[PDB]
Amino acid sequence: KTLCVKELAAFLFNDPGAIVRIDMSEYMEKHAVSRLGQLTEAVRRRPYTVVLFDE
Amino acid sequence: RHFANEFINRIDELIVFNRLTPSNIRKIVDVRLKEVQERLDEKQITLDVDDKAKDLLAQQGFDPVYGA
């Protein structure tokens, strides 16, 4: 579940890094829709990245 | 369980320290005597410890719920 994500970004985008890692282990509240923001600003610098949802 | 599943994988080694065994207490006081001798060398003071002083301090300084 982790190596397959890094493999797609290293071939379809030719970049081992630039992987947006959003951990959902702490966002378990009713007001979590305002801080994600984090996900909107992570892909703003580079529109050609990947999004990963852990847990 | 306190951290994340992906955070424990980035750690190289997970060294877990063990409890100080009573057999290793004799080697603990041997290290502290080296720091005392190197401080008294400037004043030409030779400190010597017999085989009876290290045995008495080993059975009295044993504290497993606190260490050394």
# chains A, B, ... in the order shown; residues from 1 in each chain; ligands from 1

$ interface_residues --of "chain A" --to "chain B" --cutoff "10 Å" --atoms "only C-alpha atoms" --output "PDB file with N, CA, C and O atoms, in the first residue's frame"
ATOM      1  N   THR A   2       2.135   1.157   0.307  1.00  0.00           N
ATOM      2  CA  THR A   2       3.021   2.314   0.329  1.00  0.00           C
ATOM      3  C   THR A   2       3.977   2.331  -0.857  1.00  0.00           C
ATOM      4  O   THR A   2       4.193   3.387  -1.463  1.00  0.00           O
ATOM      5  N   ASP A  23      -2.302  12.599   6.805  1.00  0.00           N
ATOM      6  CA  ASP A  23      -2.620  11.589   7.807  1.00  0.00           C
ATOM      7  C   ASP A  23      -3.966  11.915   8.442  1.00  0.00           C
ATOM      8  O   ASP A  23      -4.156  13.014   8.977  1.00  0.00           O
ATOM      9  N   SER A  25      -5.191  10.284  11.019  1.00  0.00           N
ATOM     10  CA  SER A  25      -5.207   9.760  12.378  1.00  0.00           C
ATOM     11  C   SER A  25      -5.530  10.826  13.416  1.00  0.00           C
ATOM     12  O   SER A  25      -5.879  10.481  14.550  1.00  0.00           O
ATOM     13  N   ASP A  54      -3.529   8.150   4.534  1.00  0.00           N
ATOM     14  CA  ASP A  54      -3.069   7.113   5.447  1.00  0.00           C
ATOM     15  C   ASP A  54      -4.073   6.937   6.578  1.00  0.00           C
ATOM     16  O   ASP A  54      -4.514   7.920   7.184  1.00  0.00           O
ATOM     17  N   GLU A  55      -4.428   5.680   6.856  1.00  0.00           N
ATOM     18  CA  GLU A  55      -5.375   5.333   7.911  1.00  0.00           C
ATOM     19  C   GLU A  55      -6.706   6.051   7.721  1.00  0.00           C
ATOM     20  O   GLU A  55      -6.994   7.036   8.409  1.00  0.00           O
TER      21      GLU A  55
END

$ residues_around --residues "residue 33 in chain B" --least-positions-apart "3" --cutoff "10 Å" --atoms "only C-alpha atoms" --output "list in words"
residues 28, 29, 30, 36, 37, 38, 47, 48 and 49 of chain B

$ write_last_selection --atoms "N, CA, C and O atoms" --output "mmCIF file, in the first residue's frame"
data_model
loop_
_atom_site.group_PDB
_atom_site.id
_atom_site.type_symbol
_atom_site.label_atom_id
_atom_site.label_comp_id
_atom_site.auth_asym_id
_atom_site.auth_seq_id
_atom_site.Cartn_x
_atom_site.Cartn_y
_atom_site.Cartn_z
ATOM 1 N N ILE B 28 29.985 -0.898 37.071
ATOM 2 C CA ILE B 28 29.519 0.485 37.077
ATOM 3 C C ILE B 28 30.460 1.369 37.885
ATOM 4 O O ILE B 28 30.822 2.468 37.451
ATOM 5 N N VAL B 29 30.875 0.907 39.067
ATOM 6 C CA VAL B 29 31.767 1.700 39.904
ATOM 7 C C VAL B 29 33.172 1.775 39.324
ATOM 8 O O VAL B 29 33.954 2.649 39.715
ATOM 9 N N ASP B 30 33.518 0.879 38.395
ATOM 10 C CA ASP B 30 34.842 0.926 37.783
ATOM 11 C C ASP B 30 34.977 2.104 36.827
ATOM 12 O O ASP B 30 36.093 2.576 36.582
ATOM 13 N N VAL B 36 37.623 10.170 38.640
ATOM 14 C CA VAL B 36 38.184 10.753 39.853
ATOM 15 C C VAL B 36 39.706 10.772 39.788
ATOM 16 O O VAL B 36 40.347 11.720 40.255
ATOM 17 N N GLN B 37 40.308 9.732 39.204
ATOM 18 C CA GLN B 37 41.764 9.663 39.134
ATOM 19 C C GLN B 37 42.325 10.707 38.175
ATOM 20 O O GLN B 37 43.397 11.272 38.423
ATOM 21 N N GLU B 38 41.618 10.979 37.076
ATOM 22 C CA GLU B 38 42.107 11.949 36.103
ATOM 23 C C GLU B 38 41.999 13.383 36.607
ATOM 24 O O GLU B 38 42.668 14.268 36.061
ATOM 25 N N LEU B 47 44.855 7.776 43.835
ATOM 26 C CA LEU B 47 43.724 7.173 44.530
ATOM 27 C C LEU B 47 43.693 5.685 44.211
ATOM 28 O O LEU B 47 43.696 5.298 43.036
ATOM 29 N N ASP B 48 43.662 4.857 45.252
ATOM 30 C CA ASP B 48 43.642 3.409 45.111
ATOM 31 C C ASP B 48 42.440 2.837 45.848
ATOM 32 O O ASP B 48 42.121 3.266 46.961
ATOM 33 N N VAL B 49 41.779 1.866 45.223
ATOM 34 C CA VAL B 49 40.608 1.206 45.787
ATOM 35 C C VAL B 49 40.899 -0.286 45.880
ATOM 36 O O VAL B 49 41.312 -0.904 44.892
#

$ select_by_dssp --residues "chain B" --states "alpha helix (DSSP H)" --output "ChimeraX atom specification"
/B:25-37,53-60

$ write_last_selection --atoms "C-alpha atoms" --output "mmCIF file, in the first residue's frame"
data_model
loop_
_atom_site.group_PDB
_atom_site.id
_atom_site.type_symbol
_atom_site.label_atom_id
_atom_site.label_comp_id
_atom_site.auth_asym_id
_atom_site.auth_seq_id
_atom_site.Cartn_x
_atom_site.Cartn_y
_atom_site.Cartn_z
ATOM 1 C CA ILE B 25 26.882 -3.405 39.157
ATOM 2 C CA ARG B 26 30.568 -4.175 39.770
ATOM 3 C CA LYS B 27 31.472 -2.718 36.360
ATOM 4 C CA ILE B 28 29.519 0.485 37.077
ATOM 5 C CA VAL B 29 31.767 1.700 39.904
ATOM 6 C CA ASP B 30 34.842 0.926 37.783
ATOM 7 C CA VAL B 31 33.914 3.724 35.365
ATOM 8 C CA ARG B 32 33.317 6.348 38.065
ATOM 9 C CA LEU B 33 36.786 5.720 39.520
ATOM 10 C CA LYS B 34 38.400 6.715 36.209
ATOM 11 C CA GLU B 35 36.922 10.227 36.292
ATOM 12 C CA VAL B 36 38.184 10.753 39.853
ATOM 13 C CA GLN B 37 41.764 9.663 39.134
ATOM 14 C CA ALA B 53 35.254 -0.956 48.865
ATOM 15 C CA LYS B 54 33.735 -1.883 45.492
ATOM 16 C CA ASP B 55 31.782 -4.820 46.941
ATOM 17 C CA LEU B 56 30.127 -2.756 49.689
ATOM 18 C CA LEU B 57 29.009 0.020 47.328
ATOM 19 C CA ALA B 58 27.617 -2.517 44.842
ATOM 20 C CA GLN B 59 25.050 -4.081 47.192
ATOM 21 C CA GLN B 60 23.942 -0.681 48.554
#

$ atom_distance --atom1 "CA of residue 47 in chain A" --atom2 "CA of residue 7 in chain A"
18.2 Å

$ residues_around --residues "residue 6 in chain A" --least-positions-apart "2" --cutoff "10 Å" --atoms "only C-alpha atoms" --output "number ranges by chain"
A: 1-4, 8-11, 15-19, 50, 52

$ select_by_dssp --residues "chain A" --states "strand (DSSP E or B)" --output "NGL selection string"
:A and (19-23 or 50-54)

$ residues_around --residues "range 31-39 of chain A" --least-positions-apart "6" --cutoff "9 Å" --atoms "only C-alpha atoms" --output "PyMOL selection string"
chain A and resi 20+22+51
